[PDB]
Each structure stands twice: as structure tokens, then as C-alpha cells.
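Visitor: Before I ask anything, here is the structure I am working with.
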Amino acid sequence: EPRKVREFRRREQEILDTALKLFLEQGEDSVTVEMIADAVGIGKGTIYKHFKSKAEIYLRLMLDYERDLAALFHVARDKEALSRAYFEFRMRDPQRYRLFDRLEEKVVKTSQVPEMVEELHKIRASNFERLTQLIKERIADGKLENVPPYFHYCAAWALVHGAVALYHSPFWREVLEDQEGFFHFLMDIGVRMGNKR
Amino acid sequence: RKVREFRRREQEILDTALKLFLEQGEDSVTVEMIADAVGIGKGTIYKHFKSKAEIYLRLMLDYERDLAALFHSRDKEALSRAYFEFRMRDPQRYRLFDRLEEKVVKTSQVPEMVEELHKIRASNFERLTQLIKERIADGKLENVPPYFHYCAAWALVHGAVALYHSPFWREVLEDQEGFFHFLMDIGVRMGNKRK
């Protein structure tokens, strides 16, 4: 684990953590590589050693999301607890969720960075298979109703999507007085959704 | 009472404006095109609808009155299910109405109808809150603030409508009518108390 590489990776990560933060505070189309560099304490030449364009930063953030999801699914693990962790992971960062929805149009569906996008789709396919495997196992264990597994997949997607929209609604955030009470209620809903009667 | 040369026609004007709105996008549809699809000239501008905005508001007002009629018609579970069915049928109309919130409702257009829309939406909000409170009191729903259940119903419906607009749904999901009733089961079962 040489020092040179540990410290290259650590800077790379600060670049990414800083870019996301700037993207979410100011709107991604404002933010340049240059501002991300100034935010981190480094210059043009240095940031280009890690990312040659904002688009590579964009895709790398989404790849890291997909790798984080992959790591959550990676022994007879507790599938109920994994279901809860899956919803918590998905609803943790609603701003990032919403950013990724726009990045889907602005860079994924254009292959501005074609090698990274090709990779993104393959890990997504694997995460899709991992999530539906969890579904099939909860069905086989009698927890989930025995309907096509994509029914539960689509339910989960819908719940996460509207939960994120709920958090972006001016009307909704004020009615939501106890926000962590509600969050845990939402997790319970997700784990319990489509449970066999 | 012979009044209904007007009645019949009005419902046909609305039914056809909406269809055109959803097929071609509302910004592109004119009263001219609506009188055309229905088979009339401009016996539509005295047919109520002194403008398209009045058609827009009428459609939203009709939607909220039908929602109101749902709550009026004893079986709280069957009513909960009818509510989700009502909200999730026609996701395209749900999306039109969302755009009209910004394009029409939150402006000075047709203020008398917007005022009425705000009132009956508050009415319907209170009837939903009340059904929730009853289901909590009757032990069916978990005893947390009613707005927990209300926000959760809003999120399910909203995410459902987006799902119905998604590349996934219309190309890989096979059994759409079974899925629909599965999603309504989920809404009815959301937040139920476990004994």
C-alpha cells in the first residue's frame, strides 16, 4: 500500500467529495473543474492528473454510487436487515438522487465519456440482478408475496422516487416536522412493502 | 329540460381537450383544434371556456370533485383502495395537472376558478386526513401523526406516476394490470399496524 498511491487516492477522493458538494450547493452546470480545484487547494495541472473533464467527475460519482450499491449486496446474511439497508442507502441523499437523474440526461445518454458509461451500464445490470435476487430470496422465504420479482423491484423504485420528490417539495418539508421519525417510518414501509399476508 | 344540448356538449368538449392535451402536449393545443376534434366551430367560447385556461381549471376542478365524491358514496379499507386507484389511474393526466400547477394555478389566470380549486383541494386534504385518523383509531394504521401516512401516500403515488413514464415500465414489465392491483394493495397496506 505505497504512500504515493494512498495519497493519490485520498486526494482523488477529496476532489470527488468536494465536487459533489459544490454540485449540490450551486447546481452542477455552474461548477467548473477550476472551482473544484480552488475548493480543494490545488491547481489546473494537478486536477487533470485525476479527471480530464467535468464529465469524468460526473461519471465517476455515479460509478462510485453503483459500486457502493454493489458492496451493500456483498454466509446466510439477514435479508430483512439488507432490505432496510437498501432503502436507507437509497433515501440517504435525495439531492444526489436528483442530481444523478439530471446527469443521466446530460452525460450518460451521450457517452461524453464512453468507456466509463459502458462500465456504468454493466455494473447497473449486475446491481439489478443482485436486487432481484434479494427479492426472489425473500419470496422463497415466505416474506414477500409470490408475484413476479419485477413487481417488487418497481414498487421499490416508485417508493424511493416519491420519497425523494417529497423532500424536494417546499410544501412537504414544512409539514414534515419530525424528519427522522418520518424517515424511519418510511424505512419500515419499504421493508414491509409487498409482504405476504 | 332541453338545456342539455349544452350539458352533453360541454362534457364532450372537456373529454376531447384532455385527450388532445395528453397526445400532443398542452402548449400546442388550441381551442380551434379542440373545436374540430369534437365537430363544432366556435360554439365553444360561449360554451363556457372563454379561454383554454378555463378548460384547464375545469379539468382540475372536475378531478377534485370526483375525488370528493369518492369520500361521500363506511368501508374504510375499500375507500383507501379506491383512493389509490383514483390517484394512480391515468398517470399522464397526473403529470399534466402537475405542469398546470406552475403554468396556470400559480398565476393570476382565471382567479375565480383558481380560488375554487384551492378550496376544494383543502377540503379533499381534510377528508383524506380524516380517513387516516379513523383508520388509526380503528387499529388498522400505525399510530403516528396522520401526516406520516399522508406524505407516504403522496410519495407512493408520485413515484408510481414516474414509474409509468419510465423506459423500464413500458418495455420490460410484462403484466401491467396485475402490477396495478399489486401497487394498490401496497398503498392500502402501507403503514398498517402489526398485532
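Quick note on naming: the chains in the C-alpha cells go A, B, ... in the order shown, residues restart at 1 in each chain, and ligands are numbered from 1 in order of appearance.
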Within range 131-187 of chain B, find each residue whose DSSP state, derived from the backbone, is alpha helix (DSSP H), and express the selection as number ranges by chain.

Guide: B: 131-137, 146-163, 167-171, 176-187

Visitor: Determine, for each residue of chain A having at least one atom at most 10 Å from an atom of chain B, the closest pair of atoms and their separation in Å to one decimal, counting only C-alpha atoms; order by chain and ascending number, as JSON lines.

Guide:
```
{"residue": "A:145", "atom": "CA", "partner": "B:182", "partner_atom": "CA", "distance": 9.7}
{"residue": "A:147", "atom": "CA", "partner": "B:182", "partner_atom": "CA", "distance": 8.7}
{"residue": "A:148", "atom": "CA", "partner": "B:175", "partner_atom": "CA", "distance": 8.6}
{"residue": "A:150", "atom": "CA", "partner": "B:173", "partner_atom": "CA", "distance": 6.9}
{"residue": "A:151", "atom": "CA", "partner": "B:179", "partner_atom": "CA", "distance": 6.0}
{"residue": "A:152", "atom": "CA", "partner": "B:182", "partner_atom": "CA", "distance": 9.1}
{"residue": "A:154", "atom": "CA", "partner": "B:163", "partner_atom": "CA", "distance": 7.3}
{"residue": "A:155", "atom": "CA", "partner": "B:183", "partner_atom": "CA", "distance": 6.9}
{"residue": "A:156", "atom": "CA", "partner": "B:159", "partner_atom": "CA", "distance": 9.3}
{"residue": "A:157", "atom": "CA", "partner": "B:159", "partner_atom": "CA", "distance": 7.4}
{"residue": "A:158", "atom": "CA", "partner": "B:159", "partner_atom": "CA", "distance": 4.0}
{"residue": "A:159", "atom": "CA", "partner": "B:156", "partner_atom": "CA", "distance": 5.1}
{"residue": "A:160", "atom": "CA", "partner": "B:159", "partner_atom": "CA", "distance": 7.2}
{"residue": "A:161", "atom": "CA", "partner": "B:159", "partner_atom": "CA", "distance": 4.9}
{"residue": "A:162", "atom": "CA", "partner": "B:155", "partner_atom": "CA", "distance": 3.9}
{"residue": "A:163", "atom": "CA", "partner": "B:155", "partner_atom": "CA", "distance": 5.2}
{"residue": "A:164", "atom": "CA", "partner": "B:155", "partner_atom": "CA", "distance": 8.1}
{"residue": "A:165", "atom": "CA", "partner": "B:155", "partner_atom": "CA", "distance": 7.2}
{"residue": "A:166", "atom": "CA", "partner": "B:155", "partner_atom": "CA", "distance": 6.2}
{"residue": "A:167", "atom": "CA", "partner": "B:155", "partner_atom": "CA", "distance": 9.6}
{"residue": "A:172", "atom": "CA", "partner": "B:151", "partner_atom": "CA", "distance": 7.5}
{"residue": "A:173", "atom": "CA", "partner": "B:151", "partner_atom": "CA", "distance": 9.9}
{"residue": "A:175", "atom": "CA", "partner": "B:147", "partner_atom": "CA", "distance": 7.3}
{"residue": "A:176", "atom": "CA", "partner": "B:147", "partner_atom": "CA", "distance": 7.6}
{"residue": "A:177", "atom": "CA", "partner": "B:147", "partner_atom": "CA", "distance": 9.4}
{"residue": "A:178", "atom": "CA", "partner": "B:148", "partner_atom": "CA", "distance": 9.4}
{"residue": "A:179", "atom": "CA", "partner": "B:148", "partner_atom": "CA", "distance": 9.8}
{"residue": "A:181", "atom": "CA", "partner": "B:148", "partner_atom": "CA", "distance": 8.8}
{"residue": "A:182", "atom": "CA", "partner": "B:148", "partner_atom": "CA", "distance": 6.2}
{"residue": "A:183", "atom": "CA", "partner": "B:148", "partner_atom": "CA", "distance": 9.4}
{"residue": "A:185", "atom": "CA", "partner": "B:148", "partner_atom": "CA", "distance": 7.6}
{"residue": "A:186", "atom": "CA", "partner": "B:152", "partner_atom": "CA", "distance": 7.2}
{"residue": "A:188", "atom": "CA", "partner": "B:191", "partner_atom": "CA", "distance": 7.9}
{"residue": "A:189", "atom": "CA", "partner": "B:190", "partner_atom": "CA", "distance": 6.0}
{"residue": "A:190", "atom": "CA", "partner": "B:190", "partner_atom": "CA", "distance": 8.8}
{"residue": "A:192", "atom": "CA", "partner": "B:190", "partner_atom": "CA", "distance": 7.9}
{"residue": "A:193", "atom": "CA", "partner": "B:186", "partner_atom": "CA", "distance": 6.1}
{"residue": "A:194", "atom": "CA", "partner": "B:186", "partner_atom": "CA", "distance": 6.0}
{"residue": "A:195", "atom": "CA", "partner": "B:186", "partner_atom": "CA", "distance": 8.8}
{"residue": "A:197", "atom": "CA", "partner": "B:189", "partner_atom": "CA", "distance": 9.7}
```

Visitor: What separation in Å, quoted to one decimal, exists between CA of residue 132 in chain A and CA of residue 119 in chain A?

Guide: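 A separation of 20.2 Å between them.
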
Visitor: Nearest to residue 84 in chain A among A:25, A:68, A:20, A:134, with distances taken over only C-alpha atoms: which residue is it?

Guide: A:134

Visitor: Within 10 Å of residue 96 in chain A, counting only C-alpha atoms, which residues show up once you throw out same-chain ones fewer than 5 positions away? Write them as a PyMOL selection string, please.

Guide: chain A and resi 20-21+23-24+61-62+65+90-91+101-102+164

Visitor: To one decimal place in Å, what is the distance between CA of residue 111 in chain A and CA of residue 55 in chain A?

Guide: 9.4 Å

Visitor: Restricting the calculation to only C-alpha atoms, which member of A:49, A:94, A:118, A:15 is positioned closest to residue 35 in chain A?

Guide: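 The answer is A:15, which sits nearest to residue 35 in chain A.
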
Visitor: Which distance in Å separates CA of residue 107 in chain A and CA of residue 57 in chain A, to one decimal?

Guide: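 Distance reported for this atom pair: 10.7 Å.
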